Amino acid sequence: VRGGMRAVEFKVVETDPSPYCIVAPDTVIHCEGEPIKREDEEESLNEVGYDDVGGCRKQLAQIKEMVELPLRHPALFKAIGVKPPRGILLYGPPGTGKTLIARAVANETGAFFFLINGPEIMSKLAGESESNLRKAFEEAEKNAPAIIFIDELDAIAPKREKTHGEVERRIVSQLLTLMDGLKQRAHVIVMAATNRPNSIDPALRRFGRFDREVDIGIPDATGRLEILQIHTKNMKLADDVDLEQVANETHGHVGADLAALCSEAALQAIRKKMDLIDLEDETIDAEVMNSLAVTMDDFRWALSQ
Amino acid sequence: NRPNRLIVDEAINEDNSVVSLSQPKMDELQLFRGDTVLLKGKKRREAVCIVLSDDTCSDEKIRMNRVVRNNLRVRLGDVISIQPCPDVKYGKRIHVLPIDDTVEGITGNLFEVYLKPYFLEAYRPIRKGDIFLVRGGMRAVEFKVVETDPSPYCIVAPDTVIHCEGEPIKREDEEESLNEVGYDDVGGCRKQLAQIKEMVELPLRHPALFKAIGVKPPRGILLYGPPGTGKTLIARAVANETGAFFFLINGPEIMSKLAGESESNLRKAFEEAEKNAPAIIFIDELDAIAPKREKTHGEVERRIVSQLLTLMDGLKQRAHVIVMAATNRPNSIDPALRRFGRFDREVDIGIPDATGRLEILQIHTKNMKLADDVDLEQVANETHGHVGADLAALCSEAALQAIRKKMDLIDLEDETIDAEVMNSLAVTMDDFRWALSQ
Ligand SMILES: Nc1ncnc2c1ncn2[C@@H]1O[C@H](COP(=O)(O)OP(=O)(O)O)[C@@H](O)[C@H]1O
Ligand SMILES: Nc1ncnc2c1ncn2[C@@H]1O[C@H](COP(=O)(O)OP(=O)(O)O)[C@@H](O)[C@H]1O
């Protein structure tokens, strides 16, 4: 159930007409004050899903079929002799949803996920850095089927003309080795992200490595409208809010932009309304957050900064 | 929902005894042009002031300077209640002492140099426990009201006796010095401050909001502009002004530690800002740490940036902590620092305009005695491309020049400088002329 700028998950502990029934205007509803703890096999809905991605469609269609078999039907490859794609490279400017896309495909496919971030790896001491890459790959395999997503890849593999360092080079090579090291039982796929080919070390393309590529462009008008909706699903929008308009005027924006736009319009709304009445810094009351509504005026303010 | 509850906004009048409301509010409250009022705020505190009208003030808000705002224990944005106080009467005795860390360095008769001028026929209303500021002798002295005869409040009239029994009380933790950076110490920037202010308003003043909400507040604020533009000053003020915890990081400083010892510091810094959140982490010369573009080169130089990137992405939590950095321009910085969740907000602090300099000039001459011939508007008018650091240097030089001609030749230096002396000395337009001509 969505509201007060967030979503609450509820479990049906028992129904009178058991085990199923319809909740009618007369149905009494008990809600005895104690919040149950989530059970391992009960994925939170607050998780990334294909339904949290907008704009991409053809790209998702491709990626989906690419991982379908290896990540959902591993035995197939134990019995078969064909090779599934091994590395999927994601092209596009920042805030395009590459990470979001990779995280969803994983969740959405029950796959094990492990995120690697260049800046993060590249800040470890020399040697301590590679030990991590290996420890990472090594773990993704323990829990395969799994998806290893290297975030800012070019932060690790730029070699072209920009590489320089008896460590910088020692790392790439390490990544190359680790890549070729794949291929086994329940398969694990590697997904990386960068702004464009040119950034990456040509070696990473060499077939058996990142042999598949997907370019996530910038959304189109419809794409933004879509993205807008996704990021306003938990908030109360006034009737004057025209997302289509908002979508129509944000030409070259990317998801990260639109999300920021929504976040700002809501915080702006929170500052005029709630804020001035003043019911903050305590333990925010649901009813309050629930009544507050972002207005087209609030998105106007955001689009004008 | 209480016609007497108002949002404490900034002051137009720098005088410690006055607060401004709007006429329609003065009516609704039935208050007059000079009525003494009783102001209630936080930590069960109070203050007594004189209320004037302000056509630029809004019905809901109340303008009040940092002295009163502190006496009340409220920050801008906070709410206080106002009530009339006509029953107030002329004071008999008054005991006040200076706050130790505001008189170190000087010797002399403060009463004569400070109290006497400050009160003199102004009929300032004071409530016991009040702490007020007085400027002179090229510095500001802080005084606390230890006790008033007509207790707990009264007016200081030409007849009111004023005791000042020689012992300087020690400051109390929760009593911020007025000698601290404030929005009132910044001039020129306005729109930039307006932006930054609203950016940190919620996360730094209403943390729980984000515990209960799912929206993301800006995470990194990047400040663009040439040197001496007040970027550091701006960041330090927003922090103070918002009760936020502040932690300064300086590139050159970090980049001088041994390899590894340098990153350990960045982490230890971020790690501490979080301990005391809400907090503001200001990285000073950022480009001294993150230039990567084409100018980065070093199995340590790179290892640091990456470290900063990691630390940035590491943010996001309970009471939020915001990161503010400063550089001369985009180009200088590593493009990676822009990547949304990091320094996703930018603010360009240009060079002041004519009015901006006039403003800045005033701020840096508030503690000195200016002769009547001093024309700051002129001074402002001729300093075209100057920036705050310039104007401040200009003031500092004009005063030192004044000190060298006057005091200096009479010769009463190298001993324990007497307040009365420093207080009499006045910087003349001639002194600013000398400065502007070097
Ligand atoms: N197609 C999209 N649909 C919905 N949200 C998106 C999309 N693209 C980006 N976003 C928003 O922008 C943030 C983008 O960051 P991320 O997914 O890490 O993208 P990238 O890896 O390109 O930087 C996401 O967390 C999401 O909130
Ligand atoms: N807008 C301003 N208002 C008042 N003083 C200013 C302003 N800008 C700069 N200054 C003066 O210049 C010195 C500028 O240094 P700093 O604040 O560190 O600026 P920056 O970080 O750009 O070098 C400040 O301490 C202050 O005395």
# chains A, B, ... in the order shown; residues from 1 in each chain; ligands from 1
>>> residues_near_ligand(ligand="ligand 1", cutoff="9 Å", atoms="only C-alpha atoms and all ligand atoms", output="compact mmCIF listing (two decimals) with N, CA, C and O atoms, in the first residue's frame")
# COMPACT_ATOMS: atom_id res chain seq x y z
N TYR A 50 11.56 -4.78 -12.71
CA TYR A 50 11.42 -4.32 -14.09
C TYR A 50 10.38 -3.22 -14.13
O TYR A 50 10.33 -2.40 -15.06
N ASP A 51 9.54 -3.22 -13.09
CA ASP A 51 8.47 -2.25 -12.95
C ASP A 51 8.96 -0.94 -12.35
O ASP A 51 8.18 0.00 -12.17
N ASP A 52 10.26 -0.88 -12.05
CA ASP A 52 10.85 0.33 -11.51
C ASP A 52 11.74 0.93 -12.58
O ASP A 52 12.46 1.90 -12.34
N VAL A 53 11.69 0.36 -13.78
CA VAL A 53 12.48 0.84 -14.91
C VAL A 53 11.55 1.34 -16.01
O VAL A 53 10.59 0.67 -16.35
N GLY A 54 11.85 2.51 -16.56
CA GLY A 54 11.03 3.07 -17.63
C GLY A 54 11.93 3.58 -18.74
O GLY A 54 13.10 3.90 -18.49
N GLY A 55 11.42 3.67 -19.96
CA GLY A 55 12.25 4.14 -21.05
C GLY A 55 12.86 2.96 -21.78
O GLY A 55 12.57 2.72 -22.95
N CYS A 56 13.72 2.21 -21.09
CA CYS A 56 14.32 1.03 -21.71
C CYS A 56 13.19 0.04 -21.90
O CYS A 56 12.26 -0.04 -21.08
N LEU A 90 27.12 -2.44 -20.59
CA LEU A 90 26.09 -1.42 -20.69
C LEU A 90 26.61 -0.01 -20.98
O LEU A 90 27.34 0.57 -20.17
N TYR A 91 26.22 0.53 -22.13
CA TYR A 91 26.62 1.86 -22.59
C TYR A 91 25.55 2.92 -22.38
O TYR A 91 24.36 2.68 -22.59
N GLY A 92 25.99 4.11 -22.00
CA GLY A 92 25.06 5.20 -21.79
C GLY A 92 25.60 6.24 -20.83
O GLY A 92 26.50 5.95 -20.04
N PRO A 93 25.08 7.47 -20.88
CA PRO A 93 25.58 8.49 -19.96
C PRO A 93 25.17 8.18 -18.53
O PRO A 93 24.40 7.25 -18.27
N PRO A 94 25.70 8.95 -17.57
CA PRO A 94 25.38 8.75 -16.15
C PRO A 94 23.89 8.91 -15.86
O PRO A 94 23.18 9.66 -16.54
N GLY A 95 23.42 8.20 -14.83
CA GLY A 95 22.02 8.26 -14.43
C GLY A 95 21.04 7.72 -15.45
O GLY A 95 19.92 8.19 -15.57
N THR A 96 21.47 6.73 -16.21
CA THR A 96 20.63 6.13 -17.22
C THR A 96 19.90 4.89 -16.67
O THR A 96 18.96 4.38 -17.28
N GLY A 97 20.34 4.41 -15.51
CA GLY A 97 19.70 3.27 -14.90
C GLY A 97 20.38 1.95 -15.14
O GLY A 97 19.79 0.89 -14.94
N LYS A 98 21.64 2.01 -15.58
CA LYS A 98 22.40 0.81 -15.84
C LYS A 98 22.47 -0.08 -14.60
O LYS A 98 22.22 -1.29 -14.69
N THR A 99 22.79 0.51 -13.45
CA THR A 99 22.87 -0.24 -12.19
C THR A 99 21.50 -0.78 -11.80
O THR A 99 21.35 -1.93 -11.39
N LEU A 100 20.51 0.08 -11.92
CA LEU A 100 19.14 -0.27 -11.60
C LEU A 100 18.72 -1.46 -12.49
O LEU A 100 18.10 -2.41 -12.01
N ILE A 101 19.04 -1.38 -13.78
CA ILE A 101 18.70 -2.43 -14.72
C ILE A 101 19.31 -3.75 -14.31
O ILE A 101 18.62 -4.76 -14.24
N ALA A 102 20.61 -3.74 -14.03
CA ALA A 102 21.32 -4.95 -13.63
C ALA A 102 20.80 -5.53 -12.32
O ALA A 102 20.68 -6.75 -12.19
N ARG A 103 20.49 -4.66 -11.37
CA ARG A 103 20.00 -5.12 -10.07
C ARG A 103 18.62 -5.76 -10.20
O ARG A 103 18.33 -6.72 -9.50
N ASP A 151 30.50 -1.61 -11.52
CA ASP A 151 29.90 -0.32 -11.75
C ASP A 151 30.62 0.59 -12.74
O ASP A 151 30.34 0.56 -13.94
N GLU A 152 31.55 1.40 -12.26
CA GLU A 152 32.20 2.33 -13.16
C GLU A 152 33.40 1.78 -13.93
O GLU A 152 34.36 2.49 -14.20
N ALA A 193 29.37 -1.45 -16.57
CA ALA A 193 28.78 -0.21 -17.05
C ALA A 193 29.82 0.86 -17.29
O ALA A 193 30.80 0.99 -16.54
N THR A 194 29.61 1.62 -18.35
CA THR A 194 30.50 2.70 -18.73
C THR A 194 29.71 3.65 -19.63
O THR A 194 28.60 3.33 -20.04
N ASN A 195 30.29 4.80 -19.92
CA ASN A 195 29.61 5.78 -20.76
C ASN A 195 29.71 5.45 -22.24
O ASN A 195 28.81 5.77 -23.01
N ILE A 216 22.09 1.95 -23.58
CA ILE A 216 20.89 2.54 -22.96
C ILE A 216 20.88 4.06 -23.20
O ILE A 216 21.53 4.79 -22.48
N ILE A 218 19.03 7.89 -23.91
CA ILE A 218 18.31 8.78 -23.03
C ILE A 218 16.85 8.54 -23.36
O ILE A 218 16.49 8.33 -24.51
N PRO A 219 15.97 8.57 -22.36
CA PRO A 219 14.56 8.33 -22.65
C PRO A 219 14.01 9.25 -23.73
O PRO A 219 14.62 10.25 -24.09
N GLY A 223 9.22 7.83 -22.60
CA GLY A 223 10.10 7.26 -21.60
C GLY A 223 10.16 8.06 -20.32
O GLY A 223 10.22 7.51 -19.22
N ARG A 224 10.15 9.38 -20.45
CA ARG A 224 10.21 10.23 -19.28
C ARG A 224 8.88 10.17 -18.54
O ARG A 224 8.84 10.07 -17.32
N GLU A 226 6.95 7.80 -18.36
CA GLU A 226 7.01 6.52 -17.68
C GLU A 226 7.82 6.65 -16.39
O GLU A 226 7.32 6.37 -15.30
N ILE A 227 9.07 7.08 -16.54
CA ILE A 227 10.00 7.29 -15.43
C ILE A 227 9.39 8.21 -14.38
O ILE A 227 9.51 7.96 -13.17
N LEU A 228 8.73 9.27 -14.83
CA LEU A 228 8.11 10.19 -13.89
C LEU A 228 7.12 9.46 -12.99
O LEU A 228 7.16 9.58 -11.75
N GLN A 229 6.25 8.68 -13.61
CA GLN A 229 5.26 7.91 -12.89
C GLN A 229 5.91 7.03 -11.84
O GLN A 229 5.53 7.06 -10.67
N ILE A 230 6.89 6.25 -12.25
CA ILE A 230 7.56 5.38 -11.31
C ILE A 230 8.04 6.12 -10.05
O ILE A 230 7.82 5.63 -8.93
N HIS A 231 8.66 7.29 -10.22
CA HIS A 231 9.16 8.04 -9.06
C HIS A 231 8.19 8.93 -8.31
O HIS A 231 8.61 9.72 -7.47
N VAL A 254 17.66 12.36 -18.11
CA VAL A 254 17.81 10.92 -17.94
C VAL A 254 17.20 10.61 -16.58
O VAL A 254 17.03 11.51 -15.75
N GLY A 255 16.85 9.35 -16.36
CA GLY A 255 16.24 8.96 -15.10
C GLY A 255 16.76 9.62 -13.83
O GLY A 255 15.97 10.07 -12.99
N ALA A 256 18.08 9.69 -13.67
CA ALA A 256 18.65 10.30 -12.48
C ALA A 256 18.15 11.73 -12.34
O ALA A 256 17.95 12.23 -11.23
N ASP A 257 17.95 12.39 -13.48
CA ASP A 257 17.46 13.76 -13.54
C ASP A 257 16.01 13.82 -13.08
O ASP A 257 15.66 14.56 -12.16
N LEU A 258 15.17 13.04 -13.75
CA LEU A 258 13.75 13.01 -13.42
C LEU A 258 13.52 12.66 -11.95
O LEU A 258 12.66 13.24 -11.29
N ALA A 259 14.29 11.72 -11.42
CA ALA A 259 14.13 11.32 -10.02
C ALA A 259 14.47 12.50 -9.11
O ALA A 259 13.80 12.74 -8.10
N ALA A 260 15.52 13.22 -9.47
CA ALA A 260 15.95 14.37 -8.71
C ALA A 260 14.87 15.44 -8.78
O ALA A 260 14.61 16.16 -7.82
N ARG B 339 28.88 12.78 -10.77
CA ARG B 339 27.97 11.63 -10.79
C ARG B 339 26.93 11.75 -9.69
O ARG B 339 27.19 11.49 -8.52
N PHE B 340 25.74 12.18 -10.10
CA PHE B 340 24.59 12.38 -9.24
C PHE B 340 24.76 12.24 -7.73
O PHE B 340 25.11 13.21 -7.07
N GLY B 341 24.49 11.05 -7.19
CA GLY B 341 24.59 10.84 -5.74
C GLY B 341 25.77 11.43 -4.97
O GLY B 341 25.89 11.25 -3.76
>>> residues_around(residues="segment 245-253 of chain B", least_positions_apart="3", cutoff="6 Å", atoms="only C-alpha atoms", output="list in words")
residues 256, 279, 280, 281, 282, 283, 284, 285, 286, 288 and 289 of chain B
>>> residues_near_ligand(ligand="ligand 2", cutoff="7 Å", atoms="only C-alpha atoms and all ligand atoms", output="list in words")
residues 185, 186, 187, 188, 189, 225, 226, 227, 228, 229, 230, 231, 232, 233, 234, 284, 326, 360, 363, 387, 388, 389, 390 and 392 of chain B
>>> write_last_selection(atoms="N, CA, C and O atoms", output="mmCIF file, in the first residue's frame")
data_model
loop_
_atom_site.group_PDB
_atom_site.id
_atom_site.type_symbol
_atom_site.label_atom_id
_atom_site.label_comp_id
_atom_site.auth_asym_id
_atom_site.auth_seq_id
_atom_site.Cartn_x
_atom_site.Cartn_y
_atom_site.Cartn_z
ATOM 1 N N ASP B 185 27.621 38.004 8.188
ATOM 2 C CA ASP B 185 29.026 38.291 7.958
ATOM 3 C C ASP B 185 29.320 38.041 6.486
ATOM 4 O O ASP B 185 30.471 38.096 6.057
ATOM 5 N N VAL B 186 28.270 37.768 5.718
ATOM 6 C CA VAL B 186 28.408 37.518 4.287
ATOM 7 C C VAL B 186 27.667 38.598 3.504
ATOM 8 O O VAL B 186 26.535 38.928 3.829
ATOM 9 N N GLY B 187 28.311 39.144 2.478
ATOM 10 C CA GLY B 187 27.692 40.172 1.660
ATOM 11 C C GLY B 187 27.909 39.854 0.193
ATOM 12 O O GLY B 187 28.860 39.151 -0.153
ATOM 13 N N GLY B 188 27.048 40.361 -0.683
ATOM 14 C CA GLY B 188 27.217 40.064 -2.094
ATOM 15 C C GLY B 188 26.356 38.877 -2.478
ATOM 16 O O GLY B 188 25.424 39.004 -3.270
ATOM 17 N N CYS B 189 26.669 37.708 -1.930
ATOM 18 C CA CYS B 189 25.864 36.524 -2.213
ATOM 19 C C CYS B 189 24.509 36.774 -1.576
ATOM 20 O O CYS B 189 24.416 37.405 -0.510
ATOM 21 N N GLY B 225 33.829 29.502 -7.953
ATOM 22 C CA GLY B 225 34.187 30.902 -7.853
ATOM 23 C C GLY B 225 35.672 31.103 -7.645
ATOM 24 O O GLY B 225 36.370 30.191 -7.200
ATOM 25 N N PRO B 226 36.194 32.288 -7.977
ATOM 26 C CA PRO B 226 37.627 32.508 -7.781
ATOM 27 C C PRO B 226 37.972 32.561 -6.296
ATOM 28 O O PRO B 226 37.087 32.553 -5.437
ATOM 29 N N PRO B 227 39.267 32.602 -5.974
ATOM 30 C CA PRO B 227 39.724 32.655 -4.585
ATOM 31 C C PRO B 227 39.210 33.894 -3.846
ATOM 32 O O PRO B 227 38.981 34.946 -4.454
ATOM 33 N N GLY B 228 39.042 33.757 -2.531
ATOM 34 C CA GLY B 228 38.571 34.854 -1.702
ATOM 35 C C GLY B 228 37.158 35.315 -1.998
ATOM 36 O O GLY B 228 36.829 36.480 -1.861
ATOM 37 N N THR B 229 36.316 34.386 -2.411
ATOM 38 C CA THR B 229 34.934 34.701 -2.722
ATOM 39 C C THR B 229 34.025 34.449 -1.511
ATOM 40 O O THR B 229 32.874 34.880 -1.484
ATOM 41 N N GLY B 230 34.552 33.754 -0.508
ATOM 42 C CA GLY B 230 33.784 33.499 0.695
ATOM 43 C C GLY B 230 33.127 32.142 0.746
ATOM 44 O O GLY B 230 32.217 31.917 1.546
ATOM 45 N N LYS B 231 33.588 31.235 -0.109
ATOM 46 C CA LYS B 231 33.042 29.893 -0.153
ATOM 47 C C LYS B 231 33.142 29.222 1.223
ATOM 48 O O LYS B 231 32.159 28.650 1.707
ATOM 49 N N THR B 232 34.319 29.297 1.848
ATOM 50 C CA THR B 232 34.530 28.699 3.172
ATOM 51 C C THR B 232 33.663 29.392 4.216
ATOM 52 O O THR B 232 33.034 28.762 5.064
ATOM 53 N N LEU B 233 33.659 30.710 4.147
ATOM 54 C CA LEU B 233 32.882 31.527 5.053
ATOM 55 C C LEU B 233 31.401 31.142 4.924
ATOM 56 O O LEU B 233 30.698 30.984 5.926
ATOM 57 N N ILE B 234 30.934 30.998 3.684
ATOM 58 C CA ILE B 234 29.549 30.634 3.422
ATOM 59 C C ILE B 234 29.206 29.307 4.053
ATOM 60 O O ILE B 234 28.209 29.194 4.754
ATOM 61 N N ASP B 284 37.932 21.921 1.459
ATOM 62 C CA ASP B 284 38.368 23.210 0.981
ATOM 63 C C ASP B 284 38.817 23.281 -0.472
ATOM 64 O O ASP B 284 38.008 23.529 -1.373
ATOM 65 N N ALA B 326 34.761 23.121 -2.461
ATOM 66 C CA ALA B 326 35.030 24.380 -3.122
ATOM 67 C C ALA B 326 36.161 24.268 -4.125
ATOM 68 O O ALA B 326 37.153 23.572 -3.904
ATOM 69 N N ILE B 360 29.932 44.184 1.742
ATOM 70 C CA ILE B 360 31.148 43.551 2.266
ATOM 71 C C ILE B 360 32.002 44.561 3.024
ATOM 72 O O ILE B 360 32.536 44.256 4.093
ATOM 73 N N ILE B 363 30.530 45.143 6.497
ATOM 74 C CA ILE B 363 30.798 44.027 7.384
ATOM 75 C C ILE B 363 32.209 44.078 7.990
ATOM 76 O O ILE B 363 32.371 43.881 9.200
ATOM 77 N N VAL B 387 37.082 40.996 -4.792
ATOM 78 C CA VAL B 387 36.294 39.949 -4.145
ATOM 79 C C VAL B 387 36.490 40.169 -2.651
ATOM 80 O O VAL B 387 37.449 40.828 -2.238
ATOM 81 N N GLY B 388 35.583 39.626 -1.848
ATOM 82 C CA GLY B 388 35.678 39.787 -0.411
ATOM 83 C C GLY B 388 37.067 39.750 0.214
ATOM 84 O O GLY B 388 37.405 40.604 1.041
ATOM 85 N N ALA B 389 37.881 38.770 -0.160
ATOM 86 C CA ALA B 389 39.222 38.663 0.401
ATOM 87 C C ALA B 389 39.997 39.953 0.148
ATOM 88 O O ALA B 389 40.814 40.371 0.969
ATOM 89 N N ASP B 390 39.721 40.575 -0.998
ATOM 90 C CA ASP B 390 40.351 41.833 -1.400
ATOM 91 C C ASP B 390 39.878 42.965 -0.499
ATOM 92 O O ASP B 390 40.683 43.663 0.128
ATOM 93 N N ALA B 392 38.470 42.876 2.352
ATOM 94 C CA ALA B 392 38.870 42.684 3.746
ATOM 95 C C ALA B 392 40.314 43.130 3.938
ATOM 96 O O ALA B 392 40.666 43.759 4.939
#
>>> residues_around(residues="residue 70 of chain B", least_positions_apart="6", cutoff="12 Å", atoms="only C-alpha atoms", output="NGL selection string")
:B and (8 or 16 or 39-43 or 45-47 or 64 or 76 or 78 or 129-133 or 174-178 or 180 or 240-241 or 243)
>>> closest_atom_pairs(of="chain B", to="chain A", cutoff="7 Å", atoms="only C-alpha atoms", output="JSON lines")
{"residue": "B:206", "atom": "CA", "partner": "A:281", "partner_atom": "CA", "distance": 4.7}
{"residue": "B:207", "atom": "CA", "partner": "A:281", "partner_atom": "CA", "distance": 6.2}
{"residue": "B:208", "atom": "CA", "partner": "A:281", "partner_atom": "CA", "distance": 5.2}
{"residue": "B:209", "atom": "CA", "partner": "A:284", "partner_atom": "CA", "distance": 6.1}
{"residue": "B:212", "atom": "CA", "partner": "A:284", "partner_atom": "CA", "distance": 5.8}
{"residue": "B:213", "atom": "CA", "partner": "A:5", "partner_atom": "CA", "distance": 5.9}
{"residue": "B:214", "atom": "CA", "partner": "A:6", "partner_atom": "CA", "distance": 5.6}
{"residue": "B:215", "atom": "CA", "partner": "A:263", "partner_atom": "CA", "distance": 5.5}
{"residue": "B:216", "atom": "CA", "partner": "A:263", "partner_atom": "CA", "distance": 6.0}
{"residue": "B:299", "atom": "CA", "partner": "A:165", "partner_atom": "CA", "distance": 6.7}
{"residue": "B:303", "atom": "CA", "partner": "A:123", "partner_atom": "CA", "distance": 4.6}
{"residue": "B:304", "atom": "CA", "partner": "A:123", "partner_atom": "CA", "distance": 6.5}
{"residue": "B:306", "atom": "CA", "partner": "A:119", "partner_atom": "CA", "distance": 4.4}
{"residue": "B:307", "atom": "CA", "partner": "A:123", "partner_atom": "CA", "distance": 4.8}
{"residue": "B:309", "atom": "CA", "partner": "A:119", "partner_atom": "CA", "distance": 6.1}
{"residue": "B:310", "atom": "CA", "partner": "A:120", "partner_atom": "CA", "distance": 5.1}
{"residue": "B:339", "atom": "CA", "partner": "A:94", "partner_atom": "CA", "distance": 6.6}
>>> write_last_selection(atoms="N, CA, C and O atoms", output="PDB file, in the first residue's frame")
ATOM      1  N   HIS B 206      15.555  19.155  10.148  1.00  0.00           N
ATOM      2  CA  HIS B 206      14.455  18.230  10.386  1.00  0.00           C
ATOM      3  C   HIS B 206      14.785  16.799   9.953  1.00  0.00           C
ATOM      4  O   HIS B 206      14.052  16.199   9.165  1.00  0.00           O
ATOM      5  N   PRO B 207      15.880  16.226  10.489  1.00  0.00           N
ATOM      6  CA  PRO B 207      16.368  14.874  10.200  1.00  0.00           C
ATOM      7  C   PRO B 207      15.320  13.758  10.229  1.00  0.00           C
ATOM      8  O   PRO B 207      15.265  12.928   9.317  1.00  0.00           O
ATOM      9  N   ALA B 208      14.497  13.731  11.273  1.00  0.00           N
ATOM     10  CA  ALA B 208      13.453  12.715  11.391  1.00  0.00           C
ATOM     11  C   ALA B 208      12.611  12.655  10.128  1.00  0.00           C
ATOM     12  O   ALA B 208      12.163  11.583   9.724  1.00  0.00           O
ATOM     13  N   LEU B 209      12.381  13.809   9.510  1.00  0.00           N
ATOM     14  CA  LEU B 209      11.593  13.839   8.298  1.00  0.00           C
ATOM     15  C   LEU B 209      12.075  12.739   7.366  1.00  0.00           C
ATOM     16  O   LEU B 209      11.287  11.973   6.825  1.00  0.00           O
ATOM     17  N   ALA B 212      11.301   9.145   8.342  1.00  0.00           N
ATOM     18  CA  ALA B 212       9.919   8.801   8.028  1.00  0.00           C
ATOM     19  C   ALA B 212       9.586   8.908   6.547  1.00  0.00           C
ATOM     20  O   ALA B 212       8.577   8.373   6.085  1.00  0.00           O
ATOM     21  N   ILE B 213      10.429   9.599   5.797  1.00  0.00           N
ATOM     22  CA  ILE B 213      10.160   9.796   4.387  1.00  0.00           C
ATOM     23  C   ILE B 213      11.053   8.931   3.501  1.00  0.00           C
ATOM     24  O   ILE B 213      11.984   8.286   3.986  1.00  0.00           O
ATOM     25  N   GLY B 214      10.756   8.910   2.206  1.00  0.00           N
ATOM     26  CA  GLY B 214      11.537   8.110   1.285  1.00  0.00           C
ATOM     27  C   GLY B 214      12.226   8.910   0.201  1.00  0.00           C
ATOM     28  O   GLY B 214      12.856   8.334  -0.683  1.00  0.00           O
ATOM     29  N   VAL B 215      12.117  10.234   0.265  1.00  0.00           N
ATOM     30  CA  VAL B 215      12.737  11.112  -0.729  1.00  0.00           C
ATOM     31  C   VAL B 215      14.211  11.386  -0.406  1.00  0.00           C
ATOM     32  O   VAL B 215      14.632  11.301   0.743  1.00  0.00           O
ATOM     33  N   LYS B 216      14.991  11.714  -1.430  1.00  0.00           N
ATOM     34  CA  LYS B 216      16.411  11.977  -1.250  1.00  0.00           C
ATOM     35  C   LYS B 216      16.753  13.465  -1.252  1.00  0.00           C
ATOM     36  O   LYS B 216      16.415  14.192  -2.183  1.00  0.00           O
ATOM     37  N   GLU B 299      50.114   6.548  -8.288  1.00  0.00           N
ATOM     38  CA  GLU B 299      49.515   5.382  -7.645  1.00  0.00           C
ATOM     39  C   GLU B 299      49.035   5.720  -6.234  1.00  0.00           C
ATOM     40  O   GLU B 299      48.687   4.839  -5.451  1.00  0.00           O
ATOM     41  N   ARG B 303      44.675   6.843  -6.003  1.00  0.00           N
ATOM     42  CA  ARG B 303      44.168   6.066  -4.881  1.00  0.00           C
ATOM     43  C   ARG B 303      43.380   6.949  -3.897  1.00  0.00           C
ATOM     44  O   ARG B 303      42.525   6.455  -3.163  1.00  0.00           O
ATOM     45  N   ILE B 304      43.671   8.251  -3.889  1.00  0.00           N
ATOM     46  CA  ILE B 304      42.988   9.193  -2.999  1.00  0.00           C
ATOM     47  C   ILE B 304      41.631   9.580  -3.571  1.00  0.00           C
ATOM     48  O   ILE B 304      40.602   9.393  -2.924  1.00  0.00           O
ATOM     49  N   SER B 306      39.737   8.186  -5.762  1.00  0.00           N
ATOM     50  CA  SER B 306      38.905   7.004  -5.627  1.00  0.00           C
ATOM     51  C   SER B 306      38.395   6.888  -4.209  1.00  0.00           C
ATOM     52  O   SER B 306      37.227   6.583  -3.985  1.00  0.00           O
ATOM     53  N   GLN B 307      39.278   7.137  -3.253  1.00  0.00           N
ATOM     54  CA  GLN B 307      38.918   7.075  -1.844  1.00  0.00           C
ATOM     55  C   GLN B 307      37.805   8.094  -1.543  1.00  0.00           C
ATOM     56  O   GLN B 307      36.836   7.793  -0.844  1.00  0.00           O
ATOM     57  N   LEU B 309      35.721   9.386  -3.765  1.00  0.00           N
ATOM     58  CA  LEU B 309      34.525   8.927  -4.455  1.00  0.00           C
ATOM     59  C   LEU B 309      33.807   7.909  -3.566  1.00  0.00           C
ATOM     60  O   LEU B 309      32.632   8.077  -3.256  1.00  0.00           O
ATOM     61  N   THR B 310      34.525   6.870  -3.148  1.00  0.00           N
ATOM     62  CA  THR B 310      33.962   5.841  -2.282  1.00  0.00           C
ATOM     63  C   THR B 310      33.295   6.468  -1.076  1.00  0.00           C
ATOM     64  O   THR B 310      32.126   6.202  -0.804  1.00  0.00           O
ATOM     65  N   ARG B 339      28.878  12.782 -10.772  1.00  0.00           N
ATOM     66  CA  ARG B 339      27.972  11.633 -10.792  1.00  0.00           C
ATOM     67  C   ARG B 339      26.929  11.749  -9.690  1.00  0.00           C
ATOM     68  O   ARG B 339      27.194  11.490  -8.522  1.00  0.00           O
TER      69      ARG B 339
END
>>> atom_distance(atom1="atom CA of residue 325 of chain B", atom2="atom CA of residue 210 of chain B")
23.1 Å
>>> residues_around(residues="residue 408 of chain B", least_positions_apart="6", cutoff="12 Å", atoms="only C-alpha atoms", output="list in words")
residues 399, 400, 401, 402, 414, 417, 421, 422 and 425 of chain B
>>> select_by_dssp(residues="segment 48-286 of chain A", states="helix (DSSP H, G or I)", output="MDAnalysis selection string")
chainID A and resid 50:52 58:72 74:79 98:108 118:121 128:142 153:155 159:162 168:180 197:199 202:204 221:230 243:249 255:277 286
